[PDB]
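Neighbour counts run over all protein chains shown; Cβ positions are idealised from the backbone, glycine included. Read-outs throughout are calculated quantities, based only on the coordinates presented, and are distinct from any laboratory measurement.
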Amino acid sequence: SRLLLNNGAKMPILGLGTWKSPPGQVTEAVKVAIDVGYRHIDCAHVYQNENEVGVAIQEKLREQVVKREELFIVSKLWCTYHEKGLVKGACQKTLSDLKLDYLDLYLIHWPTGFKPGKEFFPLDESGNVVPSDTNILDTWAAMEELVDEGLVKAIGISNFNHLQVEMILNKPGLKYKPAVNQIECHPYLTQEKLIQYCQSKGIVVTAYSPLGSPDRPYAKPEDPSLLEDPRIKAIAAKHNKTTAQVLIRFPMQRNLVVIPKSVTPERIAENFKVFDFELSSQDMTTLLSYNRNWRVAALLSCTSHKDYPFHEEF
Ligand SMILES: NC(=O)c1ccc[n+]([C@@H]2O[C@H](COP(=O)([O-])OP(=O)(O)OC[C@H]3O[C@@H](n4cnc5c(N)ncnc54)[C@H](OP(=O)(O)O)[C@@H]3O)[C@@H](O)[C@H]2O)c1
């Protein structure tokens, strides 16, 4: 239900994603989720809706539905704020849009540093993405003491390959360990080498894009669907659950936290009814056997960034 983090705080094994969640519909999404019984909201600045996602949390707090410490609000530092001077300001902007006084987990969104400016994705005239010469260990020391101003309860990372995680681990003075490396992970990109490396290290795995990110802007020629896989669909009807409900239960039982995005009030509901049933060893190893090494989000414009997390095997 809640996983213990290496900072002593417990983290709800189930939460709501807001990437691709419109400002108009992401206030009312969160409010309904919370009502339904969600206590974990996954936010990011680059997602552009945190204000509207923070109007949602202030109504439930006014309304006495939840106390602040019942919730577990998560956010991530975008690539253009990677310099020591920019980091506190970016947590502070997130902190005022959401309208909270502390975050519980603050994550480093990507390993890749970009040029600081108004553009989330800086480009040159050759069209390619412009990098900051800052590194991970520098950026980590700016986050390590957001903790010391008492702005965040915990700090983490998103999309680091095992080697990247290691850098922080053997950094002299490493005052604060990574509580959480959040990553993509579904039946087609099963991720068990990173998942079974982070876990030996006390780092918690959040699996994002758990349903296939069915609405991320890319669609290819003939992309694969999980929410519509025949094999995955049988496994569900056995459990009389839905293919969503099965694709959300899979991470959970890998001891992973799961953040399925929804702006639909009856889906937000469905996604919550995942607590009352087990998948079998057959199901979990079948589901597992389905991996195809395919990712939704591969950051294709930082392929050549010195800090591109995806050239390493895991
Ligand atoms: N850390 C990172 O760098 C990063 C990157 C990507 C994702 N993530 C996080 O992980 C969450 C992962 O979600 P994602 O955005 O990649 O998408 P997702 O969970 O794979 O799925 C979202 C999509 O699936 C639909 N959906 C929701 N419930 C469903 C249901 N029960 N039945 C059918 N379809 C369902 C949604 O529709 P409706 O909205 O129409 O209901 C939306 O189209 C994100 O929102 C975000 O918070 C983090």
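When all C-alpha to C-alpha distances in the range 231-314 are sorted into bins of 5 Å, what percent of pairs does each bin hold, rounded to whole numbers?
Cα pair-distance distribution for the range 231-314, in percent: 3, 12, 20, 19, 15, 12, 10, 7, 2, 0.
Please go through the range 130-211 and write out the trypsin sites (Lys or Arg not before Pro) that DSSP classes as loop and that have at most 11 other C-beta atoms within 10 Å.
Numbers: sites: 153, 175, 193, 201; in loops: 175, 201.
The qualifying sites are 175.
Counting only other residues whose beta carbon sits under 13 Å from that of residue 102, what net charge do I get with K and R as +1, D and E as -1? Intermediate values should be presented prior to the final figure.
On the way: positive: 68, 99, 153; negative: 69, 101, 104, 148, 149.
That works out to -2.
Report the relative contact order of the range 1-68, percent, no decimals, based on alpha-carbon pairs under 8 angstrom and at least 6 residues apart. If you can, show how the numbers build up before the last one.
Numbers: 79 pairs, mean separation 21.3, N = 68.
The value is 31 percent.
Tell me, what ³J(HN,Hα) does each residue in the range 31-40 have, in order and in whole Hz, if you take phi through Karplus 6.51 cos²θ - 1.76 cosθ + 1.60 with θ = phi - 60° and put x for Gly and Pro?
My calculation for the range 31-40 gives 4, 4, 4, 3, 4, 4, x, 6, 10, 8 Hz in order.
Roughly how many nanometres apart are two label points built 7 Å out from the Cα toward the Cβ at residue 51 and residue 288?
4.7
Near the amide H of residue 72, under 5 Å away, which other amide H atoms are found, from residues 5 or more places off or on another chain, if H is placed in the peptide plane?
Sorted by chain and number, the residues that satisfy this are 40, 41.
Give me the dipole magnitude in Debye, nearest 20, for the chain about the Cα centre, with unit charges on the beta carbon: positive for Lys and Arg, negative for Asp and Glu. Write out the running numbers ahead of the final one.
Numbers: 36 positive and 38 negative charges, 124 e Å.
Rounded to the nearest 20 debye, it is 600 debye.
Around residue 63, with a cut-off of 11 angstrom between Cβ atoms, what is the net charge of the other residues, counting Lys and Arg +1 and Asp and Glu -1?
Numbers: positive: 31, 60, 62; negative: 35, 59.
Combined, the nearby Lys, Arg, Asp and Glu give +1.
If you take the beta carbon distance between residue 149 and residue 303 as r and set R0 to 25 Å, what does 1/(1 + (r/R0)^6) give as a FRET efficiency, to the nearest 0.05? If you can, show how the numbers build up before the last one.
On the way: r = 35 Å, r/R0 = 1.42.
Plugging the Cβ-Cβ distance into 1/(1 + (r/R0)^6) gives 0.10.
If we restrict to alpha carbons, what Rg and Dmax does the chain come to, in Å?
18.8, 55
Within the range 222-314, list the trypsin sites (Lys or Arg not before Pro) lying in a DSSP loop whose Cβ has at most 13 other Cβ atoms in a 10 Å radius.
Numbers: sites: 231, 233, 238, 241, 249, 254, 261, 267, 273, 292, 295, 306; in loops: 241, 254, 261, 273, 292, 295, 306.
Answer in residue order: 292, 306.
In the chain, what percentage of the DSSP-assigned beta bridges are antiparallel, given to the nearest 5? All intermediate terms of the calculation are to be shown ahead of the outcome.
Numbers: 6 of 30 bridges.
Antiparallel bridges make up about 20 percent of those DSSP assigns within the chain.
Work out the FRET efficiency for residue 121 and residue 231 from their Cβ-Cβ distance, taking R0 = 30 Å, and round it to the nearest 0.05. Write down the numbers at each step before the final one.
Numbers: r = 37 Å, r/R0 = 1.23.
After rounding to 0.05, the efficiency reads 0.25.
With the dipole of the range 1-66 worked out from charges on the C-beta (+1 for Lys and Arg, -1 for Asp and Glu) around the Cα centre, which of 15, 30, 55 lies farthest toward the positive end?
15
Rounded, prolate or oblate: which fits the range 177-250 when a ≥ b ≥ c are the square roots of the eigenvalues of the alpha-carbon gyration tensor, with rounded for a/c under 1.5 and prolate only if a/b beats b/c? Let's see the in-between values first.
Details: a/c = 2.58, a/b = 1.53, b/c = 1.69.
Oblate shape, in that a/c is at least 1.5 and b/c is the bigger or equal ratio.
For the chain, what's the relative contact order in percent, using C-alpha pairs closer than 8 Å and at least 6 residues apart?
Once divided by the residue count of the chain, the mean separation gives 19 percent.
Anyone know which of 293, 255, 271 comes out most mobile in the 10 Å Cα GNM of the chain?
So, out of 293, 255, 271, the one fluctuating most is 293.
Can you grab the distance from the C-alpha centre of the range 237-314 to the C-alpha centre of the range 105-172, Å, no decimals?
What the calculation gives is 25 Å, centre to centre.
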